[PDB]
Structure formats: structure tokens, C-alpha cells
Amino acid sequence: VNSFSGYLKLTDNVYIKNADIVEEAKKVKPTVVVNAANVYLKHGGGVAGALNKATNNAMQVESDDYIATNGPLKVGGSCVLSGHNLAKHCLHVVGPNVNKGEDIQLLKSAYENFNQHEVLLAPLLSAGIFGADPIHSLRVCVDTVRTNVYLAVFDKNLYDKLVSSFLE
Ligand SMILES: CC(C)[C@H](Nc1ncnc2[nH]c(-c3ccc4cncn4c3)cc12)c1ccc2c(c1)S(=O)(=O)CCC2
């Protein structure tokens with residue numbers, strides 16, 4: 001029902017909250033939840049692991065069937081699959097993993113996938129163990145996405161740093 005609450009409004013279409021994306025998906029039941037995926041859709045850890053565990057592995061089984069028939073995605077690409085019990089759809093988006101030497105310029109392409117959906121619940125792409133500068137990821141989101149994006153960032157110090165940096 002896209003009933004988001006407790007978000008700071010950064011711009012006319014970008015919102016942010018200190019929260020676990022899985023708990024937000026359970027509360028809101030959004031039309032679209034974004035997964036911070038990798039090209040073979042192996043949802044073992046981080047955000048992807050948390051979303052998969054909350055579907056009791058249904059997301060991993062569906063992703064394996066997709067990969068068997070279609071092969072891996074490309075960095076900057078995306079795939080709409082079922083949202084299972086968390087949302088109507090899950091938009092699996094592959095941002096660059098700069099810790100594994102992938103090109104940071106593809107982060108704009110990764111965020112461009114969001115523009116196909118009027119409203120989305122999403123994590124901060126390529127942050128955490130993917131190694132992108134999270135302040136830069138927030139700026140790319142703000143400059144690229146025109147649809148309504150509700151960012152859930154599950155770390156108080158990072159959330160505070162992002163808000164302070166944006167408001168400078
Ligand atoms: C910067 C981080 C604070 C942020 N983390 C998160 N942001 C939003 N919701 C989250 N839930 C959990 C979580 C993790 C275990 C777990 C176990 N039971 C419940 N859980 C929930 C983590 C998480 C973040 C954002 C983007 C990326 C990553 C991490 S990554 O390291 O997975 C690589 C892909 C890109």
C-alpha cells in the first residue's frame with residue numbers, strides 16, 4: 001500500500017530513514033522493493049541475504065530458476081522478479097562493486113532502473129562491502145532518480161553522516 005512513515009524528505013522525490021529494508025518492506029508492503037543484487041543473483045549476505053531469509057529462501061529458488069534459463073545480469077542492469085511476501089515485485093539491481101574493481105561510473109546506470117517504477121523502497125546502491133563512497137551514491141541517486149524513492153539505511157552513524165552531508 002506504499003504507506004511509508006518516519007522518513008526525512010531530502011528532495012521532492014528522495015526520502016531517507018535509519019531502518020532495516022526488511023522491516024520496512026514488512027510494514028509497508030510496497031509495490032517494489034529493490035535488492036542490491038550481484039550478476040548471478042546469489043543472495044548470500046548483506047541486504048540480499050536479509051531479503052532472501054525473510055522470504056524463507058523463496059527468492060533464492062526463484063533467482064536460481066531465472067539464472068538457469070537466462071544467464072547472469074550485467075553490472076548496471078536489473079531484473080523484475082516476484083516480491084514474495086515482502087512486496088508485489090522485487091527489482092534486482094546490480095550496482096558496481098568497487099572493492100572488486102568494478103567501474104563507479106555504472107552506478108548512474110544502476111539507479112536509472114528505478115525510473116521505470118513510480119515508487120520504490122530501496123537500499124543505498126554499492127555501499128557497505130561493495131565499497132562505493134556512500135555520500136557519492138546518495139548524490140547519484142538524487143541526480144538520477146525522478147520517481148519516488150524511499151531509502152532505508154540500516155546504520156545510525158552512516159544515516160547521520162548522509163543527512164549532515166546532504167544538508168551542507
Ligand atoms: C551501508 C549499509 C548500512 C547497508 N545495509 C543495509 N541497509 C538497509 N537495510 C539493511 N538490512 C540489513 C540486514 C543485514 C543482516 C540481517 C540479519 N537479519 C536482519 N538483517 C538485516 C542490512 C542493511 C548496505 C547498503 C547497500 C549495500 C550493502 C549494505 S551490502 O554490504 O549488502 C552490499 C550491497 C550494497
# chains A, B, ... in the order shown; residues from 1 in each chain; ligands from 1
$ residues_near_ligand --ligand "ligand 1" --cutoff "6 Å" --atoms "only C-alpha atoms and all ligand atoms" --output "list in words"
residues 20, 21, 36, 46, 47, 50, 123, 124, 125, 126, 127, 128, 129, 130, 152, 153, 154 and 155 of chain A
$ select_by_dssp --residues "chain A" --states "helix (DSSP H, G or I)" --output "PyMOL selection string"
chain A and resi 21-28+46-54+58-70+98-100+106-116+128-130+134-144+156-167
$ residues_around --residues "residue 26 in chain A" --least-positions-apart "4" --cutoff "10 Å" --atoms "only C-alpha atoms" --output "PDB file with C-alpha atoms, in the first residue's frame"
ATOM      1  CA  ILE A  21      14.920  -2.540   4.500  1.00  0.00           C
ATOM      2  CA  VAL A  22      13.367  -5.922   5.508  1.00  0.00           C
ATOM      3  CA  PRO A  30       5.450  -1.741  -1.120  1.00  0.00           C
ATOM      4  CA  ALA A  54      12.760 -13.020   5.102  1.00  0.00           C
ATOM      5  CA  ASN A  85       5.799 -11.872   0.994  1.00  0.00           C
ATOM      6  CA  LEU A  86       7.773  -8.574   1.088  1.00  0.00           C
ATOM      7  CA  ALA A  87       6.398  -6.589  -1.865  1.00  0.00           C
TER       8      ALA A  87
END
$ closest_residue --among "A:16, A:61, A:32, A:41" --to "residue 150 in chain A" --atoms "only C-alpha atoms"
A:16
$ closest_residue --among "A:8, A:1, A:67, A:158" --to "residue 119 in chain A" --atoms "only C-alpha atoms"
A:1
$ closest_residue --among "A:99, A:148, A:63, A:31" --to "residue 15 in chain A" --atoms "only C-alpha atoms"
A:148
$ closest_residue --among "A:72, A:112, A:118, A:105" --to "residue 2 in chain A" --atoms "only C-alpha atoms"
A:118
$ select_by_dssp --residues "range 9-75 of chain A" --states "strand (DSSP E or B)" --output "PyMOL selection string"
chain A and resi 9+14-17+32-36
$ write_last_selection --atoms "C-alpha atoms" --output "PDB file, in the first residue's frame"
ATOM      1  CA  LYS A   9      12.340  14.314   2.885  1.00  0.00           C
ATOM      2  CA  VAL A  14      14.024  11.294  -2.399  1.00  0.00           C
ATOM      3  CA  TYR A  15      13.377  10.187   1.203  1.00  0.00           C
ATOM      4  CA  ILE A  16      15.677   8.545   3.755  1.00  0.00           C
ATOM      5  CA  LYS A  17      15.271   6.618   7.037  1.00  0.00           C
ATOM      6  CA  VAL A  32       8.513  -2.563  -5.393  1.00  0.00           C
ATOM      7  CA  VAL A  33      11.430  -3.442  -3.088  1.00  0.00           C
ATOM      8  CA  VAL A  34      14.944  -3.082  -4.611  1.00  0.00           C
ATOM      9  CA  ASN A  35      17.515  -5.772  -3.932  1.00  0.00           C
ATOM     10  CA  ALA A  36      21.247  -4.828  -4.078  1.00  0.00           C
TER      11      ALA A  36
END
$ closest_residue --among "A:121, A:65, A:80, A:142" --to "residue 11 in chain A" --atoms "only C-alpha atoms"
A:142
$ atom_distance --atom1 "CA of residue 13 in chain A" --atom2 "CA of residue 146 in chain A"
6.5 Å
$ atom_distance --atom1 "CA of residue 114 in chain A" --atom2 "CA of residue 147 in chain A"
7.1 Å
$ residues_around --residues "residue 64 in chain A" --least-positions-apart "6" --cutoff "12 Å" --atoms "only C-alpha atoms" --output "MDAnalysis selection string"
chainID A and resid 39:43 57:58 70:72 81
$ closest_residue --among "A:111, A:60, A:96, A:69" --to "residue 84 in chain A" --atoms "only C-alpha atoms"
A:60
$ atom_distance --atom1 "CA of residue 149 in chain A" --atom2 "CA of residue 122 in chain A"
6.9 Å
$ decode --residues "range 113-142 of chain A" --atoms "N, CA, C and O atoms" --output "PDB file, in the first residue's frame"
ATOM      1  N   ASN A 113      17.521   2.393 -13.475  1.00  0.00           N
ATOM      2  CA  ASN A 113      16.477   1.357 -13.456  1.00  0.00           C
ATOM      3  C   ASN A 113      15.297   1.744 -12.586  1.00  0.00           C
ATOM      4  O   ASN A 113      14.190   1.256 -12.809  1.00  0.00           O
ATOM      5  N   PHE A 114      15.537   2.571 -11.547  1.00  0.00           N
ATOM      6  CA  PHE A 114      14.460   2.962 -10.637  1.00  0.00           C
ATOM      7  C   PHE A 114      13.387   3.777 -11.369  1.00  0.00           C
ATOM      8  O   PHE A 114      12.245   3.808 -10.904  1.00  0.00           O
ATOM      9  N   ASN A 115      13.752   4.503 -12.450  1.00  0.00           N
ATOM     10  CA  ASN A 115      12.829   5.387 -13.146  1.00  0.00           C
ATOM     11  C   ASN A 115      11.675   4.677 -13.846  1.00  0.00           C
ATOM     12  O   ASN A 115      10.744   5.361 -14.303  1.00  0.00           O
ATOM     13  N   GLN A 116      11.733   3.359 -13.959  1.00  0.00           N
ATOM     14  CA  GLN A 116      10.639   2.608 -14.550  1.00  0.00           C
ATOM     15  C   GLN A 116       9.501   2.321 -13.556  1.00  0.00           C
ATOM     16  O   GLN A 116       8.479   1.761 -13.977  1.00  0.00           O
ATOM     17  N   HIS A 117       9.663   2.703 -12.253  1.00  0.00           N
ATOM     18  CA  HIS A 117       8.689   2.434 -11.191  1.00  0.00           C
ATOM     19  C   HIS A 117       8.329   3.720 -10.462  1.00  0.00           C
ATOM     20  O   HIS A 117       9.228   4.422  -9.998  1.00  0.00           O
ATOM     21  N   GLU A 118       7.035   4.019 -10.316  1.00  0.00           N
ATOM     22  CA  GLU A 118       6.621   5.299  -9.717  1.00  0.00           C
ATOM     23  C   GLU A 118       7.047   5.458  -8.252  1.00  0.00           C
ATOM     24  O   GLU A 118       7.298   6.587  -7.814  1.00  0.00           O
ATOM     25  N   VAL A 119       7.112   4.352  -7.519  1.00  0.00           N
ATOM     26  CA  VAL A 119       7.542   4.396  -6.129  1.00  0.00           C
ATOM     27  C   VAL A 119       8.289   3.117  -5.769  1.00  0.00           C
ATOM     28  O   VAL A 119       7.910   2.025  -6.202  1.00  0.00           O
ATOM     29  N   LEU A 120       9.390   3.252  -5.021  1.00  0.00           N
ATOM     30  CA  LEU A 120      10.211   2.089  -4.649  1.00  0.00           C
ATOM     31  C   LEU A 120      10.777   2.251  -3.236  1.00  0.00           C
ATOM     32  O   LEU A 120      11.151   3.357  -2.836  1.00  0.00           O
ATOM     33  N   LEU A 121      10.954   1.120  -2.542  1.00  0.00           N
ATOM     34  CA  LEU A 121      11.702   1.049  -1.273  1.00  0.00           C
ATOM     35  C   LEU A 121      13.068   0.485  -1.700  1.00  0.00           C
ATOM     36  O   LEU A 121      13.117  -0.559  -2.374  1.00  0.00           O
ATOM     37  N   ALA A 122      14.168   1.153  -1.314  1.00  0.00           N
ATOM     38  CA  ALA A 122      15.480   0.725  -1.794  1.00  0.00           C
ATOM     39  C   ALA A 122      16.610   0.910  -0.778  1.00  0.00           C
ATOM     40  O   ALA A 122      16.532   1.757   0.099  1.00  0.00           O
ATOM     41  N   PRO A 123      17.704   0.140  -0.950  1.00  0.00           N
ATOM     42  CA  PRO A 123      18.922   0.386  -0.170  1.00  0.00           C
ATOM     43  C   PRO A 123      19.823   1.381  -0.940  1.00  0.00           C
ATOM     44  O   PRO A 123      19.562   1.705  -2.110  1.00  0.00           O
ATOM     45  N   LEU A 124      20.913   1.815  -0.274  1.00  0.00           N
ATOM     46  CA  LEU A 124      21.832   2.771  -0.909  1.00  0.00           C
ATOM     47  C   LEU A 124      22.806   1.973  -1.793  1.00  0.00           C
ATOM     48  O   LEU A 124      23.706   1.291  -1.275  1.00  0.00           O
ATOM     49  N   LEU A 125      22.613   2.025  -3.127  1.00  0.00           N
ATOM     50  CA  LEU A 125      23.369   1.142  -4.010  1.00  0.00           C
ATOM     51  C   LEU A 125      24.898   1.247  -3.885  1.00  0.00           C
ATOM     52  O   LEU A 125      25.461   2.335  -3.745  1.00  0.00           O
ATOM     53  N   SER A 126      25.552   0.082  -3.937  1.00  0.00           N
ATOM     54  CA  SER A 126      27.001  -0.072  -3.940  1.00  0.00           C
ATOM     55  C   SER A 126      27.687   0.351  -2.639  1.00  0.00           C
ATOM     56  O   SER A 126      28.918   0.424  -2.614  1.00  0.00           O
ATOM     57  N   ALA A 127      26.910   0.607  -1.569  1.00  0.00           N
ATOM     58  CA  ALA A 127      27.522   0.968  -0.297  1.00  0.00           C
ATOM     59  C   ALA A 127      27.920  -0.368   0.484  1.00  0.00           C
ATOM     60  O   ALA A 127      27.964  -1.463  -0.133  1.00  0.00           O
ATOM     61  N   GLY A 128      28.271  -0.297   1.784  1.00  0.00           N
ATOM     62  CA  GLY A 128      28.676  -1.495   2.509  1.00  0.00           C
ATOM     63  C   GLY A 128      29.893  -2.160   1.878  1.00  0.00           C
ATOM     64  O   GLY A 128      30.809  -1.461   1.393  1.00  0.00           O
ATOM     65  N   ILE A 129      29.876  -3.498   1.784  1.00  0.00           N
ATOM     66  CA  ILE A 129      31.025  -4.225   1.282  1.00  0.00           C
ATOM     67  C   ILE A 129      31.254  -4.072  -0.241  1.00  0.00           C
ATOM     68  O   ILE A 129      32.304  -4.510  -0.739  1.00  0.00           O
ATOM     69  N   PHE A 130      30.323  -3.397  -0.977  1.00  0.00           N
ATOM     70  CA  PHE A 130      30.597  -3.098  -2.393  1.00  0.00           C
ATOM     71  C   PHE A 130      31.598  -1.914  -2.509  1.00  0.00           C
ATOM     72  O   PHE A 130      32.145  -1.698  -3.584  1.00  0.00           O
ATOM     73  N   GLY A 131      31.809  -1.147  -1.443  1.00  0.00           N
ATOM     74  CA  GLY A 131      32.905  -0.185  -1.404  1.00  0.00           C
ATOM     75  C   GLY A 131      32.740   1.196  -1.998  1.00  0.00           C
ATOM     76  O   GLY A 131      33.710   1.979  -1.939  1.00  0.00           O
ATOM     77  N   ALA A 132      31.547   1.528  -2.562  1.00  0.00           N
ATOM     78  CA  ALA A 132      31.421   2.894  -3.098  1.00  0.00           C
ATOM     79  C   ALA A 132      31.323   3.870  -1.924  1.00  0.00           C
ATOM     80  O   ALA A 132      30.882   3.519  -0.812  1.00  0.00           O
ATOM     81  N   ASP A 133      31.711   5.124  -2.161  1.00  0.00           N
ATOM     82  CA  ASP A 133      31.569   6.186  -1.169  1.00  0.00           C
ATOM     83  C   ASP A 133      30.048   6.433  -1.020  1.00  0.00           C
ATOM     84  O   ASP A 133      29.370   6.739  -2.004  1.00  0.00           O
ATOM     85  N   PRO A 134      29.500   6.253   0.190  1.00  0.00           N
ATOM     86  CA  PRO A 134      28.038   6.329   0.342  1.00  0.00           C
ATOM     87  C   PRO A 134      27.486   7.729   0.079  1.00  0.00           C
ATOM     88  O   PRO A 134      26.341   7.857  -0.392  1.00  0.00           O
ATOM     89  N   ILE A 135      28.298   8.787   0.354  1.00  0.00           N
ATOM     90  CA  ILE A 135      27.858  10.158   0.049  1.00  0.00           C
ATOM     91  C   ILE A 135      27.706  10.332  -1.463  1.00  0.00           C
ATOM     92  O   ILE A 135      26.720  10.912  -1.948  1.00  0.00           O
ATOM     93  N   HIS A 136      28.650   9.754  -2.221  1.00  0.00           N
ATOM     94  CA  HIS A 136      28.577   9.808  -3.666  1.00  0.00           C
ATOM     95  C   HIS A 136      27.347   9.022  -4.149  1.00  0.00           C
ATOM     96  O   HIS A 136      26.627   9.526  -5.005  1.00  0.00           O
ATOM     97  N   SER A 137      27.073   7.840  -3.569  1.00  0.00           N
ATOM     98  CA  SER A 137      25.908   7.061  -4.004  1.00  0.00           C
ATOM     99  C   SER A 137      24.603   7.845  -3.781  1.00  0.00           C
ATOM    100  O   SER A 137      23.726   7.830  -4.645  1.00  0.00           O
ATOM    101  N   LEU A 138      24.511   8.572  -2.664  1.00  0.00           N
ATOM    102  CA  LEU A 138      23.319   9.358  -2.399  1.00  0.00           C
ATOM    103  C   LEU A 138      23.166  10.493  -3.437  1.00  0.00           C
ATOM    104  O   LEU A 138      22.070  10.741  -3.934  1.00  0.00           O
ATOM    105  N   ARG A 139      24.279  11.159  -3.785  1.00  0.00           N
ATOM    106  CA  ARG A 139      24.231  12.202  -4.800  1.00  0.00           C
ATOM    107  C   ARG A 139      23.828  11.660  -6.159  1.00  0.00           C
ATOM    108  O   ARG A 139      23.061  12.305  -6.872  1.00  0.00           O
ATOM    109  N   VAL A 140      24.346  10.475  -6.539  1.00  0.00           N
ATOM    110  CA  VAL A 140      23.955   9.880  -7.824  1.00  0.00           C
ATOM    111  C   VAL A 140      22.455   9.548  -7.814  1.00  0.00           C
ATOM    112  O   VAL A 140      21.752   9.822  -8.792  1.00  0.00           O
ATOM    113  N   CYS A 141      21.941   9.046  -6.680  1.00  0.00           N
ATOM    114  CA  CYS A 141      20.505   8.756  -6.565  1.00  0.00           C
ATOM    115  C   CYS A 141      19.675  10.054  -6.785  1.00  0.00           C
ATOM    116  O   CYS A 141      18.731  10.091  -7.600  1.00  0.00           O
ATOM    117  N   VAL A 142      20.032  11.095  -6.063  1.00  0.00           N
ATOM    118  CA  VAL A 142      19.311  12.353  -6.145  1.00  0.00           C
ATOM    119  C   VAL A 142      19.317  12.951  -7.550  1.00  0.00           C
ATOM    120  O   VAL A 142      18.299  13.502  -7.999  1.00  0.00           O
TER     121      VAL A 142
END
